[PDB]
Amino acid sequence: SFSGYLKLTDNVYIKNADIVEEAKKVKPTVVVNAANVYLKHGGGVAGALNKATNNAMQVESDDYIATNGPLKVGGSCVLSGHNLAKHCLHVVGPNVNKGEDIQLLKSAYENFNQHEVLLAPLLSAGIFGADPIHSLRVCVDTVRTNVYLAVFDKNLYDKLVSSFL
Ligand SMILES: c1ncc2c(n1)NCC2
């Protein structure tokens with residue numbers, strides 16, 4: 005089970021941890037991937053989760069895209085969690101670096117409400133370019149199910165906790 009998390013609200017928890025390492029340890033029912041519409045897991049959380057699956061996540065994702073086409077920004081799909089989780093919920097937050105509507109971040113977090121408990125990163129944070137403090141605020145104000153947030157960067161984790169309202 006999840007350990008060492010700081011409780012932020014009734015249902016949101018946070019820990020300074022590598023989501024890949026957290027997933028291998030806990031083997032949650034759902035690990036959230038910070039996906040793009042093409043499910044091209046090149047970098048950030050997606051690249052790290054995919055590399056941990058020995059590229060099996062990318063092979064499965066390419067078959068999903070070949071069949072279904074790309075996801076919408078703000079959308080998601082449930083695929084296998086491979087050696088990391090029972091399932092991976094690939095969620096597409098807006099990539100601010102690609103000029104995408106930051107208002108789609110709430111729509112992206114709404115996908116989490118379809119799962120009772122999730123291990124997740126902050127959507128649109130990191131290489132997606134959004135303000136992680138804003139992402140945490142949207143997470144707490146949108147997600148009603150139990151979300152265990154893994155924040156890789158210690159300095160960002162401290163900033164998120166110390167500024168949390
Ligand atoms: C949480 N947030 C970001 C990352 C992570 N976990 N693993 C590597 C990049």
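The numbering of the sequence shown is PDB author numbering, which starts it at 5 and goes up by one. All residues carry an ideal CB built from backbone N, CA and C; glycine is no exception.
Decide if residue i is buried, meaning its Cβ has at least 16 other Cβ atoms within 10 Å, or exposed.
i, result
"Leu169", "exposed"
"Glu25", "exposed"
"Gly78", "buried"
"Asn159", "exposed"
"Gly46", "exposed"
"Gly85", "buried"
"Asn87", "exposed"
Based on the DSSP secondary-structure assignment, which residues constitute the bridge partners of residue i?
i, result
"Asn150", "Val121"
"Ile18", "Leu10, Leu153"
"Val35", "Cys92, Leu123"
Indicate, with yes or no, if ligand 1 has a heavy atom lying under 7 Å from the CB of residue i.
i, result
"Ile18", "no"
"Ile23", "yes"
"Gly130", "yes"
"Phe156", "yes"
"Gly48", "yes"
"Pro32", "no"
Subject >> Validate contact between the region 98–107 and the region 116–126 using beta carbons, cut 8 Å, 3 pairs >> reply: Flag = no, the region 98–107 and the region 116–126 do not touch.
Original post:
Residue ranges of each beta strand (DSSP E) run of no fewer than 3 residues wholly in the region 60–147, ordered along the chain?
Top reply: Entirely contained in the region 60–147, the beta strand (DSSP E) runs reaching 3 residues are, in chain order, 80–84, 91–95, 121–124.
Subject >> Contact the region 53–67 vs the region 139–148: 3+ CB pairs below 8 Å >> reply: As far as the Cβ criterion goes, the region 53–67 does not touch the region 139–148, which means the pair count is below three.
**OP:** Decide if the region 71–84 is in contact with the region 126–139; the criterion is three or more beta carbon pairs, one per stretch, under 8 Å apart.
**Re:** Fewer than three beta-carbon pairs drawn from the region 71–84 and the region 126–139 are found closer than 8 Å, and the two stretches are therefore not classed as touching.
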